file run-v8.cif (mmCIF, C-alpha atoms and all ligand atoms)
data_data
#
loop_
_atom_site.group_PDB
_atom_site.id
_atom_site.type_symbol
_atom_site.label_atom_id
_atom_site.label_comp_id
_atom_site.auth_asym_id
_atom_site.auth_seq_id
_atom_site.Cartn_x
_atom_site.Cartn_y
_atom_site.Cartn_z
ATOM 1 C CA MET A 1 -18.073 -6.453 -2.563
ATOM 2 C CA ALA A 2 -17.217 -4.344 0.476
ATOM 3 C CA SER A 3 -16.241 -5.699 3.908
ATOM 4 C CA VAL A 4 -16.333 -2.309 5.635
ATOM 5 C CA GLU A 5 -18.801 0.573 5.598
ATOM 6 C CA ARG A 6 -18.010 3.812 3.800
ATOM 7 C CA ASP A 7 -15.645 6.104 5.686
ATOM 8 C CA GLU A 8 -16.387 9.564 4.288
ATOM 9 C CA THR A 9 -13.178 11.133 5.567
ATOM 10 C CA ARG A 10 -11.152 8.544 3.633
ATOM 11 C CA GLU A 11 -13.465 8.815 0.602
ATOM 12 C CA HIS A 12 -13.011 12.601 0.437
ATOM 13 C CA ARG A 13 -9.244 12.297 0.703
ATOM 14 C CA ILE A 14 -9.046 9.550 -1.919
ATOM 15 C CA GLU A 15 -11.240 11.575 -4.278
ATOM 16 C CA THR A 16 -9.470 14.920 -3.924
ATOM 17 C CA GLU A 17 -5.878 13.964 -3.163
ATOM 18 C CA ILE A 18 -5.427 10.631 -4.881
ATOM 19 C CA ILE A 19 -7.681 9.841 -7.754
ATOM 20 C CA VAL A 20 -8.228 13.464 -8.736
ATOM 21 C CA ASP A 21 -8.944 13.500 -12.498
ATOM 22 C CA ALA A 22 -7.911 9.899 -13.168
ATOM 23 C CA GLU A 23 -10.366 7.957 -15.322
ATOM 24 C CA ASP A 24 -8.799 4.752 -16.617
ATOM 25 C CA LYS A 25 -7.033 1.918 -14.869
ATOM 26 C CA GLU A 26 -3.467 3.169 -15.462
ATOM 27 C CA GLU A 27 -4.284 6.655 -14.161
ATOM 28 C CA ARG A 28 -5.982 5.310 -11.031
ATOM 29 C CA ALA A 29 -3.005 3.037 -10.316
ATOM 30 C CA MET A 30 -0.591 5.913 -10.966
ATOM 31 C CA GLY A 31 -2.461 8.236 -8.612
ATOM 32 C CA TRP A 32 -2.166 5.725 -5.788
ATOM 33 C CA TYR A 33 1.507 5.021 -6.539
ATOM 34 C CA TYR A 34 2.509 8.698 -6.361
ATOM 35 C CA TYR A 35 0.301 9.345 -3.351
ATOM 36 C CA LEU A 36 1.877 6.534 -1.358
ATOM 37 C CA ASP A 37 5.358 7.437 -2.494
ATOM 38 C CA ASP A 38 4.693 11.004 -1.389
ATOM 39 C CA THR A 39 2.917 10.302 1.890
ATOM 40 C CA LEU A 40 4.658 7.258 3.421
ATOM 41 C CA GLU A 41 7.764 8.424 5.300
ATOM 42 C CA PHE A 42 10.620 6.101 4.279
ATOM 43 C CA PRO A 43 12.330 4.276 5.736
ATOM 44 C CA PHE A 44 10.173 2.778 8.451
ATOM 45 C CA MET A 45 9.951 -0.573 10.171
ATOM 46 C CA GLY A 46 7.218 -3.141 9.733
ATOM 47 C CA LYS A 47 6.195 -6.753 10.225
ATOM 48 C CA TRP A 48 5.915 -8.431 6.834
ATOM 49 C CA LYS A 49 3.763 -11.529 6.474
ATOM 50 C CA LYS A 50 5.809 -13.393 3.896
ATOM 51 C CA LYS A 51 3.600 -16.262 2.726
ATOM 52 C CA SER A 52 4.617 -19.561 1.110
ATOM 53 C CA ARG A 53 1.659 -20.970 -0.810
ATOM 54 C CA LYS A 54 3.590 -24.102 -1.749
ATOM 55 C CA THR A 55 4.194 -25.191 1.831
ATOM 56 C CA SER A 56 1.244 -23.499 3.519
ATOM 57 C CA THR A 57 3.587 -21.594 5.810
ATOM 58 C CA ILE A 58 4.082 -17.981 6.860
ATOM 59 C CA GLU A 59 7.311 -16.187 7.803
ATOM 60 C CA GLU A 60 6.589 -13.003 9.725
ATOM 61 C CA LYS A 61 9.712 -10.951 8.981
ATOM 62 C CA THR A 62 10.820 -7.713 10.665
ATOM 63 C CA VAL A 63 12.115 -5.412 7.980
ATOM 64 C CA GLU A 64 12.904 -1.872 6.988
ATOM 65 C CA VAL A 65 10.471 -0.607 4.395
ATOM 66 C CA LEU A 66 12.741 1.304 2.005
ATOM 67 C CA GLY A 67 10.336 2.794 -0.531
ATOM 68 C CA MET A 68 7.855 1.941 -3.264
ATOM 69 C CA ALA A 69 8.938 -0.908 -5.432
ATOM 70 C CA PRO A 70 9.834 0.094 -8.917
ATOM 71 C CA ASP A 71 6.624 0.512 -10.794
ATOM 72 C CA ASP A 72 6.709 -2.677 -12.895
ATOM 73 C CA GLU A 73 3.626 -4.281 -11.297
ATOM 74 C CA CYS A 74 1.860 -1.003 -10.518
ATOM 75 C CA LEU A 75 -1.318 -1.928 -12.414
ATOM 76 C CA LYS A 76 -2.062 -4.898 -10.139
ATOM 77 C CA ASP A 77 -1.193 -3.922 -6.573
ATOM 78 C CA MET A 78 0.906 -1.526 -4.500
ATOM 79 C CA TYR A 79 4.341 -3.020 -3.743
ATOM 80 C CA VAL A 80 7.089 -1.693 -1.532
ATOM 81 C CA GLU A 81 10.703 -2.675 -1.238
ATOM 82 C CA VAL A 82 11.789 -4.069 2.145
ATOM 83 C CA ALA A 83 15.149 -5.155 3.574
ATOM 84 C CA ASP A 84 16.208 -7.408 6.386
ATOM 85 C CA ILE A 85 19.439 -5.976 7.686
ATOM 86 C CA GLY A 86 20.349 -8.917 9.907
ATOM 87 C CA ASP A 90 21.356 -7.348 3.257
ATOM 88 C CA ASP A 91 18.550 -9.120 1.386
ATOM 89 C CA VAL A 92 16.022 -6.915 -0.425
ATOM 90 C CA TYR A 93 12.511 -8.110 -1.265
ATOM 91 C CA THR A 94 9.352 -6.883 -2.946
ATOM 92 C CA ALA A 95 6.326 -7.000 -0.653
ATOM 93 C CA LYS A 96 2.659 -6.085 -1.019
ATOM 94 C CA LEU A 97 1.922 -3.051 1.183
ATOM 95 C CA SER A 98 -1.242 -4.902 2.254
ATOM 96 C CA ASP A 99 1.022 -7.491 3.948
ATOM 97 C CA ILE A 100 2.902 -4.911 6.027
ATOM 98 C CA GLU A 101 2.048 -3.960 9.597
ATOM 99 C CA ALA A 102 3.926 -0.718 10.332
ATOM 100 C CA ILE A 103 5.684 -0.304 13.688
ATOM 101 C CA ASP A 104 5.386 2.981 15.609
ATOM 102 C CA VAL A 105 5.242 5.165 12.496
ATOM 103 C CA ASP A 106 4.254 8.842 12.285
ATOM 104 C CA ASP A 107 0.621 9.812 11.800
ATOM 105 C CA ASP A 108 0.778 10.542 8.069
ATOM 106 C CA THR A 109 2.412 7.209 7.219
ATOM 107 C CA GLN A 110 -0.132 5.317 9.285
ATOM 108 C CA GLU A 111 -2.962 7.257 7.616
ATOM 109 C CA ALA A 112 -1.766 6.507 4.062
ATOM 110 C CA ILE A 113 -1.414 2.819 4.838
ATOM 111 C CA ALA A 114 -4.916 2.804 6.379
ATOM 112 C CA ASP A 115 -6.303 4.563 3.276
ATOM 113 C CA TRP A 116 -4.863 1.843 1.059
ATOM 114 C CA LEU A 117 -6.164 -0.935 3.326
ATOM 115 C CA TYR A 118 -9.553 0.807 3.260
ATOM 116 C CA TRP A 119 -9.592 0.990 -0.552
ATOM 117 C CA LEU A 120 -8.994 -2.786 -0.733
ATOM 118 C CA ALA A 121 -11.515 -3.568 2.006
ATOM 119 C CA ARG A 122 -14.146 -1.647 0.045
ATOM 120 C CA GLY A 123 -13.474 -3.876 -2.938
ATOM 121 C CA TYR A 124 -12.271 -0.995 -5.093
ATOM 122 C CA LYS A 125 -9.882 -1.760 -7.936
ATOM 123 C CA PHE A 126 -7.974 0.384 -10.409
HETATM 124 O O1 LIG A 201 4.365 3.832 -17.549
HETATM 125 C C1 LIG A 201 4.465 3.836 -16.341
HETATM 126 O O2 LIG A 201 5.722 3.736 -15.792
HETATM 127 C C2 LIG A 201 3.264 3.828 -15.445
HETATM 128 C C3 LIG A 201 3.513 3.752 -14.112
HETATM 129 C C4 LIG A 201 2.401 3.728 -13.140
HETATM 130 S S1 LIG A 201 2.773 3.650 -11.429
HETATM 131 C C5 LIG A 201 1.107 3.782 -13.561
HETATM 132 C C6 LIG A 201 0.840 3.864 -14.938
HETATM 133 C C7 LIG A 201 1.905 3.889 -15.895
HETATM 134 N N1 LIG A 201 1.510 3.967 -17.275
HETATM 135 O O3 LIG A 201 0.246 3.974 -17.575
HETATM 136 O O4 LIG A 201 2.374 4.107 -18.227
HETATM 137 NA NA NA A 202 8.035 9.195 0.829
#
call {"tool": "encode", "arguments": {"input": "run-v8.cif", "output": "structure tokens"}}
result
Amino acid sequence: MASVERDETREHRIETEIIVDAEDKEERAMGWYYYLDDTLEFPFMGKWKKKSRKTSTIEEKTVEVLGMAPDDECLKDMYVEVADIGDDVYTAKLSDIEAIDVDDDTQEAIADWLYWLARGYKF
């Protein structure tokens, strides 16, 4: 189900800019992957909530978000590659990233993705 009400501005943009003619799961995933890759301005900084299910703990890491992760798990979720430069590179779910002082378009694209998930939409 949906945890937020429809936002028609986001719906229009998703329809016309992102999903476009996509019909099946792979096409819907691909649309989002290319949109995010095109619209997020890399690199940017974010707080990553890196969770450990086994120990019930959370490490909130401050990282550079370098780009989309290579598209191996594209069908399931949107992943980005992040680095802590204190170099260790990781794969993180975009939905676990809180961007820090980014430009308007990057913030918008992240919000669109968060909105899609909140609505309960899936590829
Ligand atoms: O093959 C790919 O590399 C592929 C990548 C993405 S992001 C989405 C769908 C795909 N399909 O369907 O092939
Ligand atoms: Na980009």
call {"tool": "atom_distance", "arguments": {"input": "run-v8.cif", "atom1": "atom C7 of ligand LIG 201 (chain A)", "atom2": "atom CA of residue A:70"}}
result
11.2 Å
call {"tool": "resolve_selection", "arguments": {"input": "run-v8.cif", "expression": "the PyMOL selection byres (((not hetatm)) within 9 of (chain A and resi 202))", "output": "MDAnalysis selection string"}}
result
chainID A and resid 35:43 67:68 109
call {"tool": "resolve_selection", "arguments": {"input": "run-v8.cif", "expression": "the PyMOL selection byres (((chain A and resi 64) around 10) and not hetatm)", "output": "PyMOL selection string"}}
result
chain A and resi 42-48+61-63+65-67+81-85+92+102-103
call {"tool": "residues_near_ligand", "arguments": {"input": "run-v8.cif", "ligand": "ligand LIG 201 (chain A)", "cutoff": "6 Å", "atoms": "all atoms listed in the file", "output": "list in words"}}
result
residues 26, 27, 29, 30, 33, 71 and 74 of chain A
call {"tool": "residues_around", "arguments": {"input": "run-v8.cif", "residues": "residue A:113", "least_positions_apart": "2", "cutoff": "10 Å", "atoms": "all atoms listed in the file", "output": "list in words"}}
result
residues 36, 39, 40, 97, 98, 100, 101, 102, 108, 109, 110, 111, 115, 116, 117, 118 and 119 of chain A
call {"tool": "resolve_selection", "arguments": {"input": "run-v8.cif", "expression": "the PyMOL selection byres (((chain A and resi 25) around 12) and not hetatm)", "output": "ChimeraX atom specification"}}
result
/A:19,21-24,26-32,74-77,124-126
call {"tool": "atom_distance", "arguments": {"input": "run-v8.cif", "atom1": "atom CA of residue A:80", "atom2": "atom CA of residue A:17"}}
result
20.4 Å
call {"tool": "atom_distance", "arguments": {"input": "run-v8.cif", "atom1": "atom CA of residue A:123", "atom2": "atom CA of residue A:2"}}
result
5.1 Å
call {"tool": "build_atoms", "arguments": {"input": "run-v8.cif", "residues": "stretch 42-67 of chain A", "atoms": "N, CA and C atoms", "output": "CSV table (one decimal), in the coordinates of the input"}}
result
chain,number,residue,atom,x,y,z
A,42,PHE,N,9.6,7.1,4.3
A,42,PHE,CA,10.6,6.1,4.3
A,42,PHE,C,11.9,6.6,4.9
A,43,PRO,N,12.7,5.7,5.5
A,43,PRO,CA,12.3,4.3,5.7
A,43,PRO,C,11.6,4.1,7.0
A,44,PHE,N,10.8,3.1,7.2
A,44,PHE,CA,10.2,2.8,8.5
A,44,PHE,C,10.2,1.3,8.7
A,45,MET,N,9.9,0.9,9.9
A,45,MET,CA,10.0,-0.6,10.2
A,45,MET,C,8.6,-1.2,10.2
A,46,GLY,N,8.5,-2.4,9.8
A,46,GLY,CA,7.2,-3.1,9.7
A,46,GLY,C,7.4,-4.6,9.9
A,47,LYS,N,6.3,-5.3,10.2
A,47,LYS,CA,6.2,-6.8,10.2
A,47,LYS,C,5.6,-7.2,8.9
A,48,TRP,N,6.4,-7.9,8.1
A,48,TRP,CA,5.9,-8.4,6.8
A,48,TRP,C,5.5,-9.9,6.9
A,49,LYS,N,4.2,-10.2,6.5
A,49,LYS,CA,3.8,-11.5,6.5
A,49,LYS,C,4.1,-12.1,5.1
A,50,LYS,N,5.3,-12.8,5.1
A,50,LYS,CA,5.8,-13.4,3.9
A,50,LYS,C,5.3,-14.8,3.8
A,51,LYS,N,4.3,-15.0,2.8
A,51,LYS,CA,3.6,-16.3,2.7
A,51,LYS,C,4.2,-17.2,1.7
A,52,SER,N,4.2,-18.5,2.1
A,52,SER,CA,4.6,-19.6,1.1
A,52,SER,C,3.5,-20.5,0.8
A,53,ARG,N,2.8,-20.2,-0.4
A,53,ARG,CA,1.7,-21.0,-0.8
A,53,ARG,C,2.0,-22.4,-1.0
A,54,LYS,N,3.2,-22.7,-1.5
A,54,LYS,CA,3.6,-24.1,-1.7
A,54,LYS,C,3.7,-25.0,-0.5
A,55,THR,N,4.0,-24.4,0.6
A,55,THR,CA,4.2,-25.2,1.8
A,55,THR,C,3.2,-24.9,2.9
A,56,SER,N,2.3,-24.0,2.6
A,56,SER,CA,1.2,-23.5,3.5
A,56,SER,C,1.9,-23.0,4.8
A,57,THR,N,3.0,-22.2,4.6
A,57,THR,CA,3.6,-21.6,5.8
A,57,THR,C,3.7,-20.1,5.7
A,58,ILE,N,3.9,-19.4,6.8
A,58,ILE,CA,4.1,-18.0,6.9
A,58,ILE,C,5.3,-17.6,7.7
A,59,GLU,N,6.2,-16.8,7.1
A,59,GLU,CA,7.3,-16.2,7.8
A,59,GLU,C,7.0,-14.7,8.1
A,60,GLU,N,6.8,-14.4,9.3
A,60,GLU,CA,6.6,-13.0,9.7
A,60,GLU,C,7.9,-12.3,9.9
A,61,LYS,N,8.4,-11.5,9.0
A,61,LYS,CA,9.7,-11.0,9.0
A,61,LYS,C,9.7,-9.5,9.5
A,62,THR,N,10.7,-9.1,10.2
A,62,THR,CA,10.8,-7.7,10.7
A,62,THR,C,11.8,-7.0,9.8
A,63,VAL,N,11.3,-6.0,9.1
A,63,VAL,CA,12.1,-5.4,8.0
A,63,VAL,C,12.1,-3.9,8.0
A,64,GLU,N,13.0,-3.3,7.3
A,64,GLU,CA,12.9,-1.9,7.0
A,64,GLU,C,12.2,-1.7,5.7
A,65,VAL,N,11.1,-0.9,5.6
A,65,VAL,CA,10.5,-0.6,4.4
A,65,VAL,C,11.2,0.6,3.8
A,66,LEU,N,11.8,0.4,2.6
A,66,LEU,CA,12.7,1.3,2.0
A,66,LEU,C,12.1,2.3,1.1
A,67,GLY,N,11.0,1.9,0.4
A,67,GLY,CA,10.3,2.8,-0.5
A,67,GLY,C,9.4,2.0,-1.4
